[PDB]
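Student: Have a look at this one before I ask anything.
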Amino acid sequence: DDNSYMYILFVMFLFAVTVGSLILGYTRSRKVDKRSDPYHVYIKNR
Amino acid sequence: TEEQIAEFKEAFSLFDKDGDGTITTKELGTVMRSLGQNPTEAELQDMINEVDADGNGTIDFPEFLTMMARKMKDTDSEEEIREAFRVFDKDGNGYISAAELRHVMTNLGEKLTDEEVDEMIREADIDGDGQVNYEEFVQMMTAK
Amino acid sequence: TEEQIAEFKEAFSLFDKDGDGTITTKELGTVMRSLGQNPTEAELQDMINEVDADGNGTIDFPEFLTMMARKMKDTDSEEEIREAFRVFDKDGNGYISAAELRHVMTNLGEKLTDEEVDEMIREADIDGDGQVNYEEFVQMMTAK
Amino acid sequence: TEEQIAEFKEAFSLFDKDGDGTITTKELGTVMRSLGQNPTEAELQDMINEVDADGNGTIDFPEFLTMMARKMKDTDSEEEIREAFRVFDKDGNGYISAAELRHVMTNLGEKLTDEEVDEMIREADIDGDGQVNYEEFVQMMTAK
Amino acid sequence: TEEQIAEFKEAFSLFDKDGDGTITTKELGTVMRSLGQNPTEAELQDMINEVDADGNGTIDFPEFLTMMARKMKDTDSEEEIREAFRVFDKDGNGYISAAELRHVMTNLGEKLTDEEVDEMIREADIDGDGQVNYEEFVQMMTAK
Amino acid sequence: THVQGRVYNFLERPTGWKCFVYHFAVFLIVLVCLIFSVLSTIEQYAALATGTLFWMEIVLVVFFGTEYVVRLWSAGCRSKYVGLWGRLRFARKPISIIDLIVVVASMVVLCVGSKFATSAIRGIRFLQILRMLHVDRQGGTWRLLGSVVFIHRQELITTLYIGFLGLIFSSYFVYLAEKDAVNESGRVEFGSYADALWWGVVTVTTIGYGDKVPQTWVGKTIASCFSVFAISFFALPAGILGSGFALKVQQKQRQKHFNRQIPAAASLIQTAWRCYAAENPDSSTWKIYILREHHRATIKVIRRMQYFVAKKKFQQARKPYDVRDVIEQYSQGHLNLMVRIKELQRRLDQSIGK
Amino acid sequence: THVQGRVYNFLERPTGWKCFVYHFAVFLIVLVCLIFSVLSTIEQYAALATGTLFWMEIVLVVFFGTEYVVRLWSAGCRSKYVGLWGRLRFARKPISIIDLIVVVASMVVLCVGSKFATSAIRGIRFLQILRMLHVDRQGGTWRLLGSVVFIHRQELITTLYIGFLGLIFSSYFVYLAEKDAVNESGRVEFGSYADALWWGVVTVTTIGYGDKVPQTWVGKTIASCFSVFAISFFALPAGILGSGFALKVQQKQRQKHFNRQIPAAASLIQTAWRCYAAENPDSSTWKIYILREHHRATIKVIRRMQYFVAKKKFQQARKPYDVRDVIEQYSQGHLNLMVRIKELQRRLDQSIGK
Amino acid sequence: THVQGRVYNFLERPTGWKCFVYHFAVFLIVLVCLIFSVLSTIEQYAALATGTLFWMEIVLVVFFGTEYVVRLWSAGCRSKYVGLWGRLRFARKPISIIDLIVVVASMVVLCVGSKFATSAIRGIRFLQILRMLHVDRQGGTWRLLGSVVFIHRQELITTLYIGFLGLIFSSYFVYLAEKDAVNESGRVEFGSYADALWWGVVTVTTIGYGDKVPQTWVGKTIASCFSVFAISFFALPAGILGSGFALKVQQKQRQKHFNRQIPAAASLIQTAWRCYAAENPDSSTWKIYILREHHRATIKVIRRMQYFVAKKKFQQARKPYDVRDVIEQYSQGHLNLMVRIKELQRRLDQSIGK
Amino acid sequence: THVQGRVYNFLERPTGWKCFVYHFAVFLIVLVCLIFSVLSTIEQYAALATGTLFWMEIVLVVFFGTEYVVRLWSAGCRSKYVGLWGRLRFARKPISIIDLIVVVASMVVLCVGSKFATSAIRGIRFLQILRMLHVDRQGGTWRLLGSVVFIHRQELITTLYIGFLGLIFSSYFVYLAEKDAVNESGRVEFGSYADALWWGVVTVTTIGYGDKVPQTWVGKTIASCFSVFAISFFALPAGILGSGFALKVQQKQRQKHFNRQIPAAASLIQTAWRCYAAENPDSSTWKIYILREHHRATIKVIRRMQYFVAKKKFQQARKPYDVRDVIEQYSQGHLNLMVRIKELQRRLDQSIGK
Ligand SMILES: [Ca+2]
Ligand SMILES: [Ca+2]
Ligand SMILES: [Ca+2]
Ligand SMILES: [Ca+2]
Ligand SMILES: [Ca+2]
Ligand SMILES: [Ca+2]
Ligand SMILES: [Ca+2]
Ligand SMILES: [Ca+2]
């Protein structure tokens, strides 16, 4: 078990990347197709 | 801001012509026929279904002021023009000819007036044997 | 039961106007023009192709009594209205504004009369700064 | 064989009415209006595009004699009628009611004459409380 | 080369009939009606949308000289005719009958004149009991 | 007659929740009998095989003989299974043959095994395994598989043919290259063609037990040369069938709904009857229009063409929506509209002049 | 009220970059705690399990108790979660139950393990593994899987049923053929049905460890007979689900965009309210048209039919584009145009004569 | 001439049941000869190789020489294979080259092996394996595979390029990490780059024999790093080709049926002949319309444009139904109808005035 | 200027057969250098590493330094790469960075290794492996993969998340069940969590080396419980990406061909220029129609709406054919035709009366 720890790290890192993209699937989920653009909300305020 | 949107309210009132608050297709067709353009009914409908967001078929005043507020200097609107020039780019190097551009602008699509093409050419860098770099010509009309 | 379906038979006989036993599109169009609605032919056809099940194009009497018997208090018919309100829900919390609802009901789709919207608003819980919980407003019209 | 195809040649000559050798849609429409049927142009076109194989739009004489030669006693043509009865089969057991069949034949699709439905019923085995086995009723019209 | 393209310029000037430099659908329809052909508007449009490459709907002079320059002796244009004969090839061996070809050419598609079919047959190798090898008949009209 | 149809609808074509409870409880009882018959193969639980394997099997075969008699009696509410030959046609459908084989084999084994006793227990275990095969009533699993296998049959013969052909060729090549190589244990690894063929079947389906691995580098070169190409050809049936199932599920969500085929189906019947009504000259079918001997010869032709059109429209009303539906209805609509504009023109001229 | 909605939108339904930093930093901290809790299983790093596994776990359970209290308080900006029963319905959704189980189990383990100490460390390791399961807020991963599994459910029961059925049959056949064969080491290879069933499960999913390989050629024949057929049936769920995901992605690029359902949705509300307005005779809904007791009986019918048409058009405005959309709008357009040409004909006749 | 066509249609392009019996019986005889030639590799059945392997092989090569002579003679009913060069073009198509190679190789081996005797038997076994390759007449299996491989060629070069690139890189990395590790038996596991490359090819296609497993954890880390990514890239050709086959089967059920291309194909011929008829001024093709030297110059142009339109419509009449068919026919129909309404307007004005 | 464009088109964006010969010959030379650098790892051919590995590497790095200088000079025919910053943007694209890293690393290694000598040879072997990565000019392989991975990204995060989550959970469960089991050789099989995690990664991707197999039946039960579910989730990316590639190939055969976007693209330019021409009041763009200060305020609005419509129609002219194209053109055609029938009615009334 000389360089054993590396293998554990290598699995968790990959899982981190997956969950990282998963959270980037939520926070950058813009959902452009509305009648409320941010510029359009700023115009509706005026 | 307010002296801008007052002028946009005046321009909206030029289209409205009553107290309805909406621009129908007939109220736009009468303006375009007073200018002498003779639009088709499908063209008048396509010009309104690009603008409105409620989907009812007319243009309200926040919908009218929204399209007049945002600048053409964007990422999508610049790249679409940069791609539209690449259709008329022989050899793909990023340069088009002067006579080729004058032939394209006065024949294809909307026939642009030759007096207007003479103005269009001299704004862009024409020196170098007739070649013109169209990317500066896109920077001229999108950033300004 | 029987005194209900006798009244539904009378209401069917108001549409039939002869001894045919069927409601054609013309026999419905004459009633809607006597009320003063002026329907399109495609609208008269869409109102009949939702009702009949034989597919022939007219409405028989069990087909007429079937749609008049079932209650709107269902699972599909409640959830479709609960979803139709969520289109007009800014911030998605389950509350819509009073002035926003008055603007939506009198402009979009079928223009609802302002005297009717004044009746529509006061039935629902309006107190709390103009916000209204529309889920109770769906319980009001589906369960009753 | 030859005395059959001579009669089919006579029946073809009733449709041809000139020396063209082809049956157009007008030469079929005039026969169906002399019988008093009033066909639509799309119906006259659908009746010819089922028959011809050259795809030109008219009916030649081998194409006319081909459809008159083959018998309805087949595998496809029997199974399609056996499946068409199963639409009107409540409980799927292979028996339909007499009053239900009389109601279906005189209302849906082509309105069959009540004097013809009275002939249609008594050919089939009606005894047993109004139920009729339609598979023998398909054997009656396909095998004969 | 130049005495060829001068004749093609003369043939273009027969279609142009003004100083526009373009062949519209009306300028082609008038020529085809002066010959006595009576084309449909969709046929006049299909004959022009096969030729032009700018997509504007008219035919310029390099577009007109391009289609008149290339020879039918190709790889695609030979194989399409070699495949079009195989539709009318019973048993697929590469031989078609004389009477069958005379019946096909005078009935299906464009009705070819019988005086023209009499010229069409005798150019090809007809000896051998009425059979004709159509691959030599494709070599005759594509290579020449 | 009513009770016969109700117990037919209960035993075959199930619906409801009570009938779910019935079929799933019968399956659960026969699977518990399977587990208690299977656990006796373990050396610890070998004492369980003597008692409960006889006097529960006889009760279960009484129950599955009684249900078969009740179902075969109750299959007479259908029209096609009536009388002696109807019951004989009900008894020759495949799952009924499976159930009959199970009940007669359990009777034979319980008659023989009551008086050797190990082969009796072995037959009981095989019948307990086989008895779960008739839980799938209606054959809805096997028919769904058979349809998708039949539609994709040419592309499923292609890959299997190329895969088995490569298997034969390279199993012979690896046998030629490795027939004298010696394992590290000392044994000759590939000693026959069946040996290299077991190697090939273990390799191409990506199991790779590792009991037989080629030793010399000529064998490893041929083994990789074959493995890289042929593993895709033995993996293609899963891809073909899976994409076929998914395209069929996508296709069944666009569908001409049921009322669309109701006036078409009736229109198939009437016209067909009218053709059958044509040959009797004294029928009442000649009284629609209101003298003969040549009108009848053209009415027969028009009725046969109407029958063909009605059969075509009934076949179209059962398929899902497609592009030729749009093309067909636009052709019909533009044809009718062009005829009516031609009519308006034909009246406007000669109503005025010029 | 505003701050309650803002911290609800921050904790659940995330958006922005700051909220990405929050959720991903919390996940990264709990995964670093997982790695430092897992590395103590190695014999070299076993000295790390004593110190940092208690006084970091108590801080992490304080942080995940506080976040749960804040989220459950802040779920009151929604309409459906208001009051006691609203909070109780927020607390019975599945990921909230997972988070509650995690925080109460960590409290129980840190109360027991402070006074045996190995089972405490084992419970801490299992909770560190379980605590990553509530990083997926909104359940957007599990719902996307569940939809595609539910749509393709019949074709996914079919292949699993045939695969397990073949597994049972051939595991018994290979047990029958190999129950007396002796390994080269000398041990009996297949000694029970569980033994041959472990062989079957290792074989059909193409793992093939090679610890259990059949020895006699009858067993190898049955093993190949089963392997070649059943490996495709255990590989079909990947093909079915993968082609279902790809067809769904292709379907969502053709889509009726958002404004199309705005005048439809309002048209569902008004008509529905008009039906509810029909039963009160003194409403202002009877004042659109401008005497009674039979006009009302037909206005109720017309309003119910208009409600059904509006509900149908709202259901159509949410689906993607399809062939029946083209067929429906061509039917409506050709119907209106044919009516208008009929109108022009009806006026041109009797405006002139003939 | 008739009998030549009938025996051509019997030997190549089979149809019927008698011709099925012929081809399948010939295949079954050559496969029984294959099995009795293959079973001699087993040590028990080695006595079968002496007798029946010569005096059945000579009869089978007489039968496959006679069938080749009869087929090559009978290929003269086709138009393209007539005369010496026609037979020479029939003899250079690939399956005829395969059959010629088989018959001349069996003649060579039976001439050499009649006077060493083991290499004769080895050549006989390889020819018995090769002789099943020309049972697929018409090449309908290989052409169906080749079409789908050619259509999906860019996406099938992409995954193979990335997969082999990852294979080279990580086989070198695992060789670097494991070149001094010692197996439990004591041997050096990875001793060269060919050794690690055999490991990589066994790993990426998910065989995993387990003869070569990396020992140190650096090697296991690199091995998993490579395995997880590259197994999908070596499994993608099965998914691409399987979904391509299933989409092609779905595409061929929507199809312009045969009569649709009959008046188009004739319209390709006439117009083409009319172009060829244009260059002879004294033809009868100038007599359709009923003086020259400029009408001819425009008739040639109109005939060439009609030829191009006819070729386009013949190419459209062979493809399946698609969206551009709907768009094209709506453009044509709306254009004609708008022209006719314009005509009615142009007559109604100036028939009245205003 | 012309020669600069010609050698740019020769080195990058290849076409012809001579340029195929150039690029494929350069690739073939560097792969022959790779093979002769790799064969020295075998103990037999270790004498080849001394001579040809230095004085061929220096010639190859001279050739790949010269080609990089020529390509970076010749990238000035493009518009975007002109001047100092243009060359600096050409030098920071990824394959140019790869080529620069290769040439400077070969210079460093040949400077160090000329004066230890094993690490020099190791660096030379790694550079010979890396030097094949810039044969893919234009990045046409990686971009095609990246597009399909990006479109299917949510469904490809879903299965990987569920697969790794199941991997973590069941690797811990199998570690708990097998941490004291002893192999037949006598060694402890699963000794840590990294050990069970290597087991899990070998199992779920169906390699199954068989070096680590769980011993007790609790471990085998958990191992099958996990294997059966998670192998499909690690096999789903191949199915998703393969069906995505096949649907993209099917999509690109229906396509709006090139001339369709020629009058649209020009119509995007003119209108855009007209918007830019609106702000200068003394332009010649106000002279189309043939007094002011309110006509200009509405001409600017009409020109901006025409620009938006032209941009929408240019975006539509690049997509393949779809159902919304049919719906859009039928809406436009029926709208124009209904307006013209309304016009004919409006003239026929009041041309007559009534
Ligand atoms: Ca207005
Ligand atoms: Ca609006
Ligand atoms: Ca009536
Ligand atoms: Ca009805
Ligand atoms: Ca005629
Ligand atoms: Ca015909
Ligand atoms: Ca002109
Ligand atoms: Ca042009």
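Numbering starts fresh at 1 for the residues of each chain in the structure tokens, the chains themselves are lettered A, B, ... in the order given, and ligands are numbered from 1 as they appear.
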Which neighbours of residue 127 of chain F fall inside 10 Å, counting only C-alpha atoms, when residues of the same chain fewer than 2 positions from it are skipped, and could you give them as an MDAnalysis selection string?
Tutor: chainID F and resid 34 57 101:103 105:106 109 121:125 129:132
Student: Counting only C-alpha atoms, a student should be able to say which residues of chain I come within 6 Å of chain B; what is the right answer, written as a list in words?
Tutor: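 Residues satisfying the distance criterion: residues 78, 79, 263, 265, 266, 267, 276, 284, 305 and 332 of chain I.
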Student: Go ahead and write the selection's residues with C-alpha atoms as a JSON list (two decimals), in the first residue's frame.
Tutor:
[["chain", "number", "residue", "atom", "x", "y", "z"],
["I", 78, "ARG", "CA", -5.90, 35.42, -43.31],
["I", 79, "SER", "CA", -7.43, 38.70, -42.21],
["I", 263, "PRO", "CA", -30.39, 36.22, -51.00],
["I", 265, "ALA", "CA", -27.39, 36.77, -46.27],
["I", 266, "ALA", "CA", -27.22, 39.84, -48.51],
["I", 267, "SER", "CA", -30.57, 40.90, -47.05],
["I", 276, "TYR", "CA", -26.15, 52.43, -39.62],
["I", 284, "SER", "CA", -28.10, 59.27, -49.48],
["I", 305, "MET", "CA", -37.84, 46.04, -37.49],
["I", 332, "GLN", "CA", -47.82, 33.07, -44.84]]
Student: Using only C-alpha atoms and a distance of at most 6 Å, pull out the residues of chain I that contact chain G, as a PDB file with N, CA and C atoms, in the first residue's frame.
Tutor:
ATOM      1  N   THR I 158     -26.035  12.908 -15.743  1.00  0.00           N
ATOM      2  CA  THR I 158     -26.972  12.097 -14.963  1.00  0.00           C
ATOM      3  C   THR I 158     -26.462  10.677 -14.728  1.00  0.00           C
ATOM      4  N   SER I 192      -8.257  -2.633   2.276  1.00  0.00           N
ATOM      5  CA  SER I 192      -8.455  -1.204   2.447  1.00  0.00           C
ATOM      6  C   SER I 192      -9.607  -0.767   1.559  1.00  0.00           C
ATOM      7  N   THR I 206     -17.082  -3.931 -16.695  1.00  0.00           N
ATOM      8  CA  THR I 206     -17.104  -5.297 -17.228  1.00  0.00           C
ATOM      9  C   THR I 206     -15.747  -5.740 -17.755  1.00  0.00           C
ATOM     10  N   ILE I 207     -14.685  -5.406 -17.033  1.00  0.00           N
ATOM     11  CA  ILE I 207     -13.401  -5.999 -17.358  1.00  0.00           C
ATOM     12  C   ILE I 207     -13.307  -7.317 -16.616  1.00  0.00           C
ATOM     13  N   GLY I 208     -13.306  -7.256 -15.289  1.00  0.00           N
ATOM     14  CA  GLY I 208     -13.273  -8.454 -14.481  1.00  0.00           C
ATOM     15  C   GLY I 208     -11.995  -9.244 -14.632  1.00  0.00           C
ATOM     16  N   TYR I 209     -10.881  -8.717 -14.120  1.00  0.00           N
ATOM     17  CA  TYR I 209      -9.623  -9.440 -14.234  1.00  0.00           C
ATOM     18  C   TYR I 209      -9.630 -10.718 -13.410  1.00  0.00           C
ATOM     19  N   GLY I 210     -10.365 -10.743 -12.309  1.00  0.00           N
ATOM     20  CA  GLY I 210     -10.393 -11.926 -11.483  1.00  0.00           C
ATOM     21  C   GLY I 210      -9.253 -12.033 -10.506  1.00  0.00           C
ATOM     22  N   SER I 232     -25.249  -1.078 -16.399  1.00  0.00           N
ATOM     23  CA  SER I 232     -26.013  -0.314 -17.376  1.00  0.00           C
ATOM     24  C   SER I 232     -25.720   1.178 -17.287  1.00  0.00           C
ATOM     25  N   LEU I 236     -24.289   3.316 -20.457  1.00  0.00           N
ATOM     26  CA  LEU I 236     -25.103   4.334 -21.122  1.00  0.00           C
ATOM     27  C   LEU I 236     -24.386   5.449 -21.893  1.00  0.00           C
ATOM     28  N   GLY I 239     -24.111   4.380 -25.495  1.00  0.00           N
ATOM     29  CA  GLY I 239     -25.395   4.367 -26.176  1.00  0.00           C
ATOM     30  C   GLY I 239     -25.904   5.757 -26.499  1.00  0.00           C
ATOM     31  N   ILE I 240     -25.752   6.695 -25.556  1.00  0.00           N
ATOM     32  CA  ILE I 240     -26.196   8.072 -25.763  1.00  0.00           C
ATOM     33  C   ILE I 240     -25.395   8.736 -26.871  1.00  0.00           C
ATOM     34  N   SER I 243     -26.099   6.988 -30.422  1.00  0.00           N
ATOM     35  CA  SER I 243     -27.365   7.386 -31.010  1.00  0.00           C
ATOM     36  C   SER I 243     -27.388   8.871 -31.346  1.00  0.00           C
ATOM     37  N   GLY I 244     -26.623   9.698 -30.627  1.00  0.00           N
ATOM     38  CA  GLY I 244     -26.507  11.098 -31.008  1.00  0.00           C
ATOM     39  C   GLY I 244     -25.770  11.304 -32.319  1.00  0.00           C
TER      40      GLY I 244
END
Student: Check which residues fall inside 8 Å of ligand 3 when counting only C-alpha atoms and all ligand atoms, and print them as number ranges by chain.
Tutor: C: 16-24, 27
Student: Show me which residues are within 6 Å of ligand 6 counting only C-alpha atoms and all ligand atoms, and format the list as a ChimeraX atom specification.
Tutor: /D:52-54,56,58-60
Student: Emit the selected residues as a tab-separated table (two decimals), in the first residue's frame, including C-alpha atoms.
Tutor:
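The resulting selection18.tsv:
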chain	number	residue	atom	x	y	z
D	52	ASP	CA	-54.03	1.89	-62.32
D	53	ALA	CA	-50.44	0.69	-62.14
D	54	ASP	CA	-48.74	2.80	-64.82
D	56	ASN	CA	-50.37	8.07	-65.63
D	58	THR	CA	-56.18	6.76	-66.52
D	59	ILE	CA	-57.32	3.14	-66.66
D	60	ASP	CA	-56.27	0.90	-69.53
Student: Using the chain letters and numbers from this document, which residues of chain D does DSSP assign to alpha helix (DSSP H), as a PyMOL selection string?
Tutor: chain D and resi 2-16+25-34+41-48+61-69+76-84+98-105+114-123+134-142
Student: Give me the residues near residue 70 of chain B as a list in words, where near means some atom within 12 Å (using only C-alpha atoms) and where sequence neighbours in that chain fewer than 3 positions away do not count.
Tutor: residues 37, 38, 39, 40, 42 and 43 of chain A; 63, 64, 65, 66, 67, 73, 74 and 77 of chain B; 304 of chain I
Student: Using only C-alpha atoms, determine which residues lie at most 10 Å from residue 165 of chain H, disregarding the query and same-chain residues fewer than 2 positions distant; provide the list as JSON, numbers by chain.
Tutor: {"H": [159, 160, 161, 162, 163, 167, 168, 169, 170, 171, 230], "I": [129, 130, 132, 133]}
Student: Just checking: using only C-alpha atoms, which residue out of I:153, I:71, I:137, I:89 ends up closest to chain A?
Tutor: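 Of the candidates, the smallest distance to chain A is held by I:153.
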Student: Compute the chain A side of the contact with chain H at 10 Å, counting only C-alpha atoms, and hand it back as a PDB file with N, CA and C atoms, in the first residue's frame.
Tutor:
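As a result, part15.pdb now contains:
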ATOM      1  N   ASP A   1       0.830  -1.194   0.000  1.00  0.00           N
ATOM      2  CA  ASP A   1       0.000   0.000   0.000  1.00  0.00           C
ATOM      3  C   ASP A   1       0.869   1.250   0.000  1.00  0.00           C
ATOM      4  N   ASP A   2       1.850   1.297  -0.903  1.00  0.00           N
ATOM      5  CA  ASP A   2       2.806   2.400  -0.903  1.00  0.00           C
ATOM      6  C   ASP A   2       2.176   3.683  -1.421  1.00  0.00           C
ATOM      7  N   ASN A   3       1.686   3.666  -2.651  1.00  0.00           N
ATOM      8  CA  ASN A   3       1.059   4.831  -3.258  1.00  0.00           C
ATOM      9  C   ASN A   3      -0.444   4.627  -3.381  1.00  0.00           C
ATOM     10  N   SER A   4      -1.037   4.031  -2.344  1.00  0.00           N
ATOM     11  CA  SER A   4      -2.437   3.634  -2.386  1.00  0.00           C
ATOM     12  C   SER A   4      -3.377   4.828  -2.400  1.00  0.00           C
ATOM     13  N   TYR A   5      -3.043   5.876  -1.630  1.00  0.00           N
ATOM     14  CA  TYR A   5      -3.911   7.038  -1.432  1.00  0.00           C
ATOM     15  C   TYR A   5      -4.288   7.705  -2.742  1.00  0.00           C
ATOM     16  N   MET A   6      -3.355   7.691  -3.710  1.00  0.00           N
ATOM     17  CA  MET A   6      -3.545   8.287  -5.027  1.00  0.00           C
ATOM     18  C   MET A   6      -4.797   7.758  -5.689  1.00  0.00           C
ATOM     19  N   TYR A   7      -5.017   6.441  -5.581  1.00  0.00           N
ATOM     20  CA  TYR A   7      -6.155   5.824  -6.244  1.00  0.00           C
ATOM     21  C   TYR A   7      -7.463   6.343  -5.676  1.00  0.00           C
ATOM     22  N   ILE A   8      -7.528   6.491  -4.343  1.00  0.00           N
ATOM     23  CA  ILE A   8      -8.717   7.043  -3.699  1.00  0.00           C
ATOM     24  C   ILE A   8      -8.967   8.453  -4.189  1.00  0.00           C
ATOM     25  N   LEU A   9      -7.895   9.259  -4.253  1.00  0.00           N
ATOM     26  CA  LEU A   9      -8.013  10.636  -4.710  1.00  0.00           C
ATOM     27  C   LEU A   9      -8.496  10.677  -6.140  1.00  0.00           C
ATOM     28  N   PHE A  10      -8.013   9.732  -6.958  1.00  0.00           N
ATOM     29  CA  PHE A  10      -8.357   9.774  -8.366  1.00  0.00           C
ATOM     30  C   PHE A  10      -9.822   9.450  -8.593  1.00  0.00           C
ATOM     31  N   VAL A  11     -10.436   8.660  -7.716  1.00  0.00           N
ATOM     32  CA  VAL A  11     -11.856   8.436  -7.931  1.00  0.00           C
ATOM     33  C   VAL A  11     -12.633   9.670  -7.510  1.00  0.00           C
ATOM     34  N   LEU A  14     -12.686  12.662  -9.869  1.00  0.00           N
ATOM     35  CA  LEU A  14     -13.590  12.505 -11.006  1.00  0.00           C
ATOM     36  C   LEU A  14     -15.026  12.732 -10.586  1.00  0.00           C
TER      37      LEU A  14
END
Student: Find the spatial neighbours of segment 180-185 of chain G, counting only C-alpha atoms, within a cut-off of 10 Å - ignore same-chain residues fewer than 6 positions away - and output them as a PyMOL selection string.
Tutor: chain G and resi 191+212-216+219
Student: In Å, how far is it from atom CA of residue 154 of chain H to atom CA of residue 75 of chain E?
Tutor: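 Spanning atom CA of residue 154 of chain H to atom CA of residue 75 of chain E is a straight-line distance of 25.2 Å.
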Student: Could you write out as a list in words the residues of chain A within 12 Å of chain C, counting only C-alpha atoms?
Tutor: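 Every residue meeting the condition is included here: residues 34, 35, 36 and 41 of chain A.
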Student: Please dump the current selection as a JSON list (two decimals), in the first residue's frame; keep N, CA, C and O atoms.
Tutor:
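The resulting file, again_38.json, is shown below:
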[["chain", "number", "residue", "atom", "x", "y", "z"],
["A", 34, "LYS", "N", -38.43, 33.19, -22.21],
["A", 34, "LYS", "CA", -39.50, 33.81, -21.44],
["A", 34, "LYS", "C", -39.86, 35.11, -22.12],
["A", 34, "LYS", "O", -39.27, 35.49, -23.14],
["A", 35, "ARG", "N", -40.84, 35.81, -21.55],
["A", 35, "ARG", "CA", -41.11, 37.19, -21.92],
["A", 35, "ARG", "C", -40.40, 38.18, -21.00],
["A", 35, "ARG", "O", -40.60, 39.39, -21.13],
["A", 36, "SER", "N", -39.58, 37.68, -20.08],
["A", 36, "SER", "CA", -38.88, 38.50, -19.10],
["A", 36, "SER", "C", -37.37, 38.32, -19.28],
["A", 36, "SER", "O", -36.74, 37.49, -18.62],
["A", 41, "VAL", "N", -36.90, 43.44, -18.04],
["A", 41, "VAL", "CA", -37.35, 43.81, -16.70],
["A", 41, "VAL", "C", -36.89, 45.23, -16.35],
["A", 41, "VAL", "O", -37.65, 46.02, -15.78]]
Student: Grab the atom CA of residue 200 of chain I to atom CA of residue 226 of chain G distance for me, in Å with one decimal place.
Tutor: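 Atom-to-atom, atom CA of residue 200 of chain I and atom CA of residue 226 of chain G are spaced 25.9 Å apart.
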Student: Near residue 25 of chain G, counting only C-alpha atoms, which residues have an atom at most 12 Å away, once you skip same-chain residues fewer than 4 positions from it, shown as an MDAnalysis selection string?
Tutor: (chainID A and resid 16 19:20 23) or (chainID G and resid 17:21 29:32 135)
Student: So, with only C-alpha atoms as the atoms that count, which of C:55, C:102, C:121, C:38 lies closest to chain D?
Tutor: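 Closest to chain D of all the choices is C:55.
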Student: Could you jot down the atom CA of residue 30 of chain A to atom CA of residue 14 of chain G separation for me, Å, one decimal place?
Tutor: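 Going from atom CA of residue 30 of chain A over to atom CA of residue 14 of chain G, I get 10.9 Å.
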Student: Return the single residue from C:122, C:3, C:103, C:13 that is closest to chain B, with distances computed using only C-alpha atoms.
Tutor: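 Ranked by minimum distance to chain B, first place goes to C:103.
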